[PDB]
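In what follows, one protein chain appears twice in different forms, each by itself as structure tokens: structure 1 and structure 2.
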Structure 1
């Protein structure tokens, strides 16, 4: 097949994407070995769904797992009666998700389980896939003529031909694997045919971070989690926390081989040490560097000019309330809290008003990085750690290092009951989640 593996794409037809997926244990070949993973549609990653604004999506999920499951349409501003974080599909049963893609929407989104207490093992085992919303902006020459690829960044560990089980330390840290894969492949080669690449990036890992850097090249950020930036932003590296997405343009500068790497990054994961009676927690330190793929540039590359503008960011109404959400940890108990509480599906934690704007101040008072995710209502990051954000774009995950405060502008869209949580999904399963009701 093609040198660069990417998930199979399913496109809407005549305004309708109608599809049956099964969640199923699936034998397959992965990184040169045979393993049984949990997949959607028989593949790892699951199929990429590619739609346009105002399309109808009709997705029937059949549960062929031994435990209940559901779907979270991560990043999609739709109703929480569709993107329902409390729904359980029992083993053997099916459920049809039907929604209309919002008119003002573009970017890379994804789907994965969200059944509280079971997310981390199900996602680690392989249950995830991407959803791409095409834009009329994709027709401007500087994007249309680029070579486009999706990169699903997800790691894995195998034991006895199956995903490795979670240990107690995994529930504390979030589980990372030794197989650091791109689209389920081990260090694939991308032989570029054009000098400009448009790369859609998705961190679908449980807990691993990707401090992205391409050898000898900057990256040009053109989209965040849930939409385009207003104009391209040149960066020397790009950190992608669990659940985040980004789109970048790569402008290949000369012939040759360039490594795309995940550079060392210390997210605050912990180990245990005994040095003379004391048996106490100790920082794991930064991750070891990983090569994600080999990028081969074509002959005499002459990249396209960058687009001068992308999409103007909406002017938001003035906000009507400020919220403060504080994250804390009990590492040795593997318990995680928001404003001193663990998740309770019966307890509403915040009550807001549809079509108003709120300011959310999220403060990480723990020692680990925590990537904070809000369902249903995309937000604008104003600042993190007291530093103003260098662009305007819709996001739905924001990473917080130890001590940092994020100030978010949160327009409330669809009415109903939804959730916010850490997207180190082990921390969500262990309690770091709360309930927002919009009325």
Structure 2
């Protein structure tokens, strides 16, 4: 219908159930004017979008048709770590059925991807990822109902010989970024808007690339973070999305025209090669070059909707019972990454907490790179970074830490069981930067 825009196929719950068999398989596909064989869920890159409502039952059978073992992480879903099991291994040729109920208060954009320790970064870079959208009753208010909605999966790629490029020694240190900077698997698509207000769900599913998002001539109005709505729209001139983060923004198209959505230059502290360089700064890579992500064409004679005056009030959380300190460190040349001086050991429990309590977590980046900290299973509220207040109230599950920054997080502990926390530059996770939390 009308102009086409590349976007993943959507699978929706029906009568309160989303039952779906999803195969993880090598798949030859068309991509950026060539043919490449990626690893995909459901024969597509990105994988299919699962769309559900609160209280729905999800029954996803993952069919491993890969040459190596794999599993799934249900990124951002506050469900049982016995379902969202970071230690599970599904051998090649076997299947596993994940069954869970969507929590009643949940809303926003989530995603799924591999979490088999040691193999995350190659598997995710090869194409294995998809989005999960939880609908909200709030989507029925006129200021959002009549917006034109789209998912934008931000995911870069690099190809060599018609397959995902191999990880190099520098990739294990810096995280791998690709030369093909894609939106929904397409190179610089064009979105011909048919409404003047857009609602864009944004997902950074890249291994390591950061997207400093800016739309030409337009602010963004942030209405949702990783794990739920803000309390009211927040206008920003630009929006930094670290790996694993999601956001939902409203765009209000004022004038006709063609506007670029760009990822503006951002320096995440990646390191370059040789120790010599010209004479200035020798071996930091420096800021990313700007990238055009997509072209946005405004409709004829645009008149946008008013912004909603309110969204979702954020629950007051109880007083915390424990303070934890988690210090991130790195040894760049060995490409090894630590939390409180240790690398991940799946046989080691690093933190022991109580169900139905709130903790404060102080996460300190004592490295020189940005590290985006992710905690499975338990969404958190960011109170402050660097001793200054966070700009909004919303559930998050990834918080970006620049070099030297300390984040203070309010972490309500929900489901019992053993789960993990890790950097979501997934190369760093594979090379050490993960620990184990047990709730009882």
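Under this definition, the rigid core comprises the largest set of C-alpha atoms superposing within 1.5 Å between the forms. Numbering follows the first chain given and starts at 1.
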**OP:** Of 305, 168, 276, 312, only one moves its C-alpha by 2 angstroms or more between structures 1 and 2 once the rigid core is aligned, so tell me which.
**Re:** 276
Subject >> Following rigid core superposition, Cα shift of residue 287 between structures 1 and 2 in Å >> reply: 0.2
**OP:** Could you tell me how many Å the Cα atom of residue 384 shifts between structures 1 and 2 when the rigid core is held superposed?
**Re:** 1.0
